[PDB]
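> here's a sequence, model it:
(chains A, B, C, D, E and F, ligands or ions: 8)
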Amino acid sequence: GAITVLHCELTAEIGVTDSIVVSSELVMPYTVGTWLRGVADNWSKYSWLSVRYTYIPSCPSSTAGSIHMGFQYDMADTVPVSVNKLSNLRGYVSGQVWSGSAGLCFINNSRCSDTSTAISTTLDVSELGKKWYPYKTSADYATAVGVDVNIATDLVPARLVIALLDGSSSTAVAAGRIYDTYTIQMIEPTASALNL
Amino acid sequence: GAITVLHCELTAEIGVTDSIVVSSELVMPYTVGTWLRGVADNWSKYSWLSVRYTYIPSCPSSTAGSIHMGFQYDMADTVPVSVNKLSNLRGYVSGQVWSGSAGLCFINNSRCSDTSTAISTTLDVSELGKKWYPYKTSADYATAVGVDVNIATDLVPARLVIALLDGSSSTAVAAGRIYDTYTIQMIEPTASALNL
Amino acid sequence: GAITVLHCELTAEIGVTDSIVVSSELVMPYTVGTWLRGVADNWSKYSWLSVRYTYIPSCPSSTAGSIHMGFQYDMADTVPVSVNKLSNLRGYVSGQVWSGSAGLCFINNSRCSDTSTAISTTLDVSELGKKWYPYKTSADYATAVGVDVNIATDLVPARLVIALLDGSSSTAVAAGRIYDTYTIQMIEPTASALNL
Amino acid sequence: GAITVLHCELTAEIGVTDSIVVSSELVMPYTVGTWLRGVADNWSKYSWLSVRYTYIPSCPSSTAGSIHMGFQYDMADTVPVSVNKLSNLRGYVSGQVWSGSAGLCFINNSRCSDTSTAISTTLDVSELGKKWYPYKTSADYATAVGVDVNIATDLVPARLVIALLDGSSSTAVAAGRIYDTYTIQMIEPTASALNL
Amino acid sequence: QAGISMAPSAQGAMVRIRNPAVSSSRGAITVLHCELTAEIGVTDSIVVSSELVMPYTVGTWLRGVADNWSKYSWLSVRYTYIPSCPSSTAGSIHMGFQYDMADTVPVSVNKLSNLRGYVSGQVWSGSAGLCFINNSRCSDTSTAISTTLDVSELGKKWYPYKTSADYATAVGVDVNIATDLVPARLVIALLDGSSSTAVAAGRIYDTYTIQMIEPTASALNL
Amino acid sequence: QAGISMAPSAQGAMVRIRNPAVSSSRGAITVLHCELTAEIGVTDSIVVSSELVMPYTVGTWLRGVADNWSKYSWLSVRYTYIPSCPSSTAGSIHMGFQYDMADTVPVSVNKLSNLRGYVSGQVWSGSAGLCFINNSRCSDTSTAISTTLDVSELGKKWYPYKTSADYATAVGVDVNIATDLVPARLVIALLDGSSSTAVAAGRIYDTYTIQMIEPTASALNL
Ligand SMILES: [Ca+2]
Ligand SMILES: [Ca+2]
Ligand SMILES: [Ca+2]
Ligand SMILES: [Ca+2]
Ligand SMILES: [Ca+2]
Ligand SMILES: [Ca+2]
Ligand SMILES: [Ca+2]
Ligand SMILES: [Ca+2]
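Numbers count the residues shown, from 1 in each chain, chains lettered A, B, ... in the order given. Ligands and ions are numbered 1, 2, ... in the order given. Below is the structure in question.
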């Protein structure tokens, strides 16, 4: 009954400016990437076997700026407001917007050489609070969270906080992209139209 | 520690009309049936070890109509509106409203040889959200869900949806009944009067 | 010492109407059937080694109606008034009034392969109150019970309750018959004329 | 088919005065305690695997008075009228209303150290006159017993006689509570509403 | 000697709490400690009280330490009653656990006696449970009024660190939202006393072992 | 430690009587048992009471068993007092035996103190005698309030089983007729109390070993 998918897809496009810009992505099928969003909808519940976010650069070596990533686990906790608080989170990694190429091996599965320079981080699936979560659409999530954020705890495993700053322009400059590489188990099918 | 009970009881009475009529039942002690609702209330939490719904006919071989059953696990998902949509659910099982007698052996657990025609489905007890669920009353559940449906995922493991159509009359004709056969582990006793 | 008999005989004739009609039969030699009543009277006490009631139809596949059976053990308990209440008893077994032929093999004890549809239930001969029960006549039992019902627990091991409903006519239609297949051990001979 | 429950619950609240006050409790589910009373009703018959009554104090060390307990087995026998006769009964134990704390280990199952000071006594389940008794409500019992007490023999295994005296007040002073710790086997389910 | 007991005039128990034990394994950090958790007083009528078993409310120290981690798991939680009155004091204490916050709080020792971890005892006894708090070698704990959480049967393993404030708000929307945030609550009942006015009976200490994971600046933790 | 004593607030003694031991040798059948024999209460003035030491009156069980035999002989008879009040209770108990039913019952602890088997003690003590009843291994019975019959010095060995009724009639003709039927009587005195009204003090248990001979249908035994 468990049907397993392994895949790496574009999860977010990154631009860097001269000011801190904190953003976050829920670590659930619907938000992880559009491809998964579409396939996972045909199933009622899932379990993350492995989730790794890897940043791959697209800018010139002359591009100033740094990216910082880390995880949060209680949606009710406040999202880091400074890059300082961010550095306290689990899974913190911080790189420079033009580096990270060695991480490419995580995206195309070829054998990785030295990945100490890859700006990549992974989710601690075993310390998550439950193994089988329900597939949620961001819309429905939003509504729930609107009543009380604590309703999110039963619905989503974690949140990926990203921070970009130290750039040189007041206007966004294309830095790179964050790709997500996951192994997921999907169970109990459903027509997607009913999945909220 | 745990106190295990295996039992069978009437869970619902069924009637066929000439138009689709989808209905559902929460898979929790309180609603599985009257007897279980009663004994289960003396414990605080429980865990399903086995749950099986078996439809048994009571109409003549000439009764037009068909029955359909399946499970859903995110109380927030839309309930099916058609046989096609329903056929996708886990544990889907369809059949003539006058068929299904072979499932009798599941009820008074005897030797089941002829079970290829039994209109009986089983809950995937291991892929459920968690192990120990709290005993809830229809009333309390109802209120919670009235705030936000997602508050339900923390309380009920699944719901059985039932659809009946293909009947001959626009007014309901008696078809059969759905019986539930479960094995449940209960823990943390409480005076029933306190249990909501 | 003991004299063992295994036999099968007609125990009751059945008819369906459009309203519930719960009836019951004491599980004692005198009432199980005419033949046993006759031979059993030549012994003072007896012990059931096996008792099985099997319903066998005699109506067309188009006959509306359903049959229900179960056991009760405290003659003082109220007899069921509905299918729900009845479905809780031990050995509950329900089915279409025109179904049940697979149970024939229990009657003339042959090889039973297709028994998943047999509307047949069995007495839990080992959890009975005691082993040796005295042979009683309907008359004598009746009087005793007329003083106080509890006087019955010392004399009869159980009673089979039968409920028929879902019929189409308000006037009884012939459905089928209930046959009893038992194995009994008898001891302490007596001239039958003395046996009350 | 045998479903087993193990539990310890409050069975009686004790007050002491300056005069002998003899009381008794039938050793049957219905009277043993309200929790059991409610769960055991869903089953037709039971068997006691173990029954132990333990008194736990709640008064000051300065509380004068003694409790005496013992068993009776033929409901027709006269209830002890003096504490003397009481001391002849099987299972006799007599303690002082402020002592008995060591018996707490019987109530919460923690490992018992030295229980020679616990005012506790147990039922000789093997010398009982039958193993499977019918669940009876005190109301129905009363009626039966009203016709002739001997009808009780077939219905209940034993009776716990309690005597409290030697207190210092003409008016009851709260001494302690008697908790019952049992292991019971329940068989042949029934809707509780029918159980008398 | 077997069967004999002597009621003392008063029991004495010298509580001496040792330094908290903290240590980080790989991923998980573990704390072990004891804290005074509640004060107790008796009356002639029954009075039921409850305490949620979550870091924030279990103890004043724990509250501030646990806040630096995102989630936690209880390895062990024990409540022990230590008396502070003479054997002449009337009254009894009763404890037990409830696991569905929506359930009604017990209103009698009869209902109470059915709960998981139930324990009763004279308001003037229980010094035997001292070894649990002091950390000494336990002798005969037969007469201790102490109970413990059945951690293995709890709803889930990892719970989020919550502040009473945020919790209180959640629960205000619907009490069932609590199920997802807190594992259980200790219920405490006291009665059998002699004054209509409360009489100080004793106090309750909590001894626990908790596992904490996934760090976060405290300020962000709600 | 030598010379030091600590008065407790109250003494506790958990009485648990075991199954009677009966066995037939050749001619003689022997019973061994314990029965609660009397209830005790104190007052500020002296109150003397007596109990005949014969099967019929020694115990309610013995009474009915011994009746199936024509004669008997006491192998051992012991009376032990077990308290049921606190050490704050005023009062003392005194026991002794008399052997000529015609003699006057003592009217003072002074006369009483001269009797065979005399024992005194605070109405709130005596738990040390528990081992005699419970059948446990006796430790320091130094402070037990328990006394025993001097069976070897009794008037004769075999006495006839008598019912209180028939005895009472005999004695009514002349008390000296008792000498031939009963071996002795226990005298009990209580005083030193504080209420003019009796205050429950404790109770007395009797532990005996008796030999019974020459069977008879019970109905004939008077
Ligand atoms: Ca959850
Ligand atoms: Ca969904
Ligand atoms: Ca509940
Ligand atoms: Ca007869
Ligand atoms: Ca009987
Ligand atoms: Ca009954
Ligand atoms: Ca938090
Ligand atoms: Ca005589």
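> other SSEs contacting the helix or strand harbouring residue A:174?
If you go by DSSP states H and E, residue A:174 is part of strand A:173-189. Under the contact definition 3 or more Cβ pairs under 8 Å, 6 or more residues apart in numbering or on different chains; DSSP states H and E, strand A:173-189 sits against strand A:3-16, helix A:29-32, helix A:34-40, strand A:43-57, helix A:104-107, strand B:90-96. For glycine as for every other residue, the C-beta is placed from the backbone atoms N, C-alpha and C.
> measure residue A:64 to residue B:179 for me?
Residue A:64 is 71 Å from residue B:179, where distance means Cβ to Cβ, to the nearest Å.
> the more surrounded of the two?
Taking other Cβ atoms under 10 Å in any protein chain shown, residue A:64 and residue B:179 do not tie; residue B:179 has more neighbours (24 against 16).
> which SS state does the closest residue to ligand 7 within chain A fall under?
Ranked by Cβ to the ion, the top residue of chain A for proximity to ligand 7 is residue A:74, at 3.8 Å. Secondary structure state of residue A:74, per DSSP: H, G, I helix; E, B strand; the rest coil, is coil.
> now swap in the one 5 residues further on and tell me
Assigned state for residue A:79: coil (three-state reduction, three-state DSSP).
> what about the residue nearest to residue A:174 when sequence neighbours are not counted, distance to residue A:163?
In this structure, residue A:174 finds its nearest non-sequential neighbour in residue A:15, 5.6 Å apart by Cβ to Cβ, 6 or more residues apart in numbering or on different chains. Here residue A:15 is placed at a distance of 13 Å from residue A:163 (Cβ to Cβ).
> with residue A:153 instead?
The spacing between residue A:153 and residue A:163, counted by Cβ to Cβ, is 24 Å.
> residue of chain A closest to chain F, please.
Shortest chain A-to-chain F distance, computed as Cβ to the nearest Cβ: residue-wise this is residue A:129, at 50.8 Å.
> what's the local residue count around that residue?
20.
> quickly find the element holding it.
Under the criterion DSSP H and E, no helix or strand holds residue A:129.
> what comes up buried for the helix ranked longest in chain A?
Across chain A, the longest stretch assigned as helix under DSSP state H is helix A:138-147. Within helix A:138-147, the residues that count as buried by 16 or more other Cβ atoms under 10 Å in any protein chain shown are A:140, A:141, A:143, A:144, A:145, A:147.
> and for stretch A:74-92?
Across stretch A:74-92, burial judged by 16+ other Cβ under 10 Å covers A:74, A:75, A:76, A:77, A:80, A:83, A:85, A:86, A:88, A:89, A:90, A:91.
> between the residues you listed, which sits nearest residue D:3?
Of all the buried residues of stretch A:74-92, residue A:74 has the smallest distance to residue D:3: 40.9 Å, by Cβ to Cβ.
> residues from chain A in reach of chain B?
Selection of chain A residues close to chain B by Cβ under 8 Å from any Cβ of the partner chain yields A:1-2, A:44-45, A:130, A:132, A:134-136, A:140, A:143-144, A:147-148, A:151, A:154-155, A:187-191, A:193-196.
> what sits against the closest residue to chain C within chain A?
Nearest to chain C, among the residues of chain A, is residue A:1, at 25.3 Å (Cβ to the nearest Cβ). Taking Cβ atoms under 8 Å, 6 or more residues apart in numbering or on different chains, we find residue A:1 in contact with A:187, A:188, B:90, B:124, B:127.
> same question, residue A:46
Contact analysis of residue A:46 by Cβ under 8 Å, 6+ apart lists A:29, A:40, A:132, A:133, A:135, A:184, A:185, A:186, A:187.
> what is the neighbour count of the fourth one?
With neighbours defined by other Cβ under 10 Å, the count for residue A:133 comes to 22.
> any idea how far it is from ligand 8?
Here residue A:133 is placed at a distance of 89 Å from ligand 8 (Cβ to the ion, to the nearest Å).
> I'd say that residue and residue A:156 touch.
Yes: if you go by Cβ atoms under 8 Å, residue A:133 and residue A:156 touch, sitting 6.7 Å apart.
> which residues are common contacts for these two?
Residues touching both residue A:133 and residue A:156 by Cβ under 8 Å, 6+ apart: residue A:28.
> which two among the buried residues of stretch A:74-92 are spaced furthest apart?
Maximum pairwise distance in the buried residues of stretch A:74-92, criterion Cβ to Cβ, is 21.7 Å, between A:76 and A:83.
> hang on, the earlier thing: what about the longest helix of chain A and chain E, touching?
Yes: with Cβ under 8 Å from any Cβ as the criterion, chain E is reached by helix A:138-147 at residue A:147.
> kindly report the same for stretch A:16-30.
No: applying Cβ under 8 Å from any Cβ, one finds stretch A:16-30 separated from chain E by no less than 11.9 Å.
> restrict that stretch to CA atoms and write it as PDB.
What follows is stretch A:16-30, C-alpha atoms only, in PDB (Å, rounded to 0.1, in the frame of the first residue of the first chain):
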ATOM      1  CA  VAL A  16      19.800  38.800  -3.300                       C
ATOM      2  CA  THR A  17      19.600  42.400  -2.200                       C
ATOM      3  CA  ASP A  18      21.400  44.600   0.300                       C
ATOM      4  CA  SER A  19      18.900  44.000   3.100                       C
ATOM      5  CA  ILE A  20      17.900  41.000   5.100                       C
ATOM      6  CA  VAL A  21      14.800  39.200   3.700                       C
ATOM      7  CA  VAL A  22      13.600  36.300   5.700                       C
ATOM      8  CA  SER A  23      11.200  33.800   4.100                       C
ATOM      9  CA  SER A  24      10.000  30.300   4.900                       C
ATOM     10  CA  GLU A  25       8.700  27.200   3.200                       C
ATOM     11  CA  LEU A  26       6.500  24.600   4.900                       C
ATOM     12  CA  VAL A  27       8.100  21.200   4.500                       C
ATOM     13  CA  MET A  28       5.000  19.500   3.100                       C
ATOM     14  CA  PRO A  29       4.400  18.100  -0.500                       C
ATOM     15  CA  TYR A  30       2.200  20.900  -1.600                       C
END
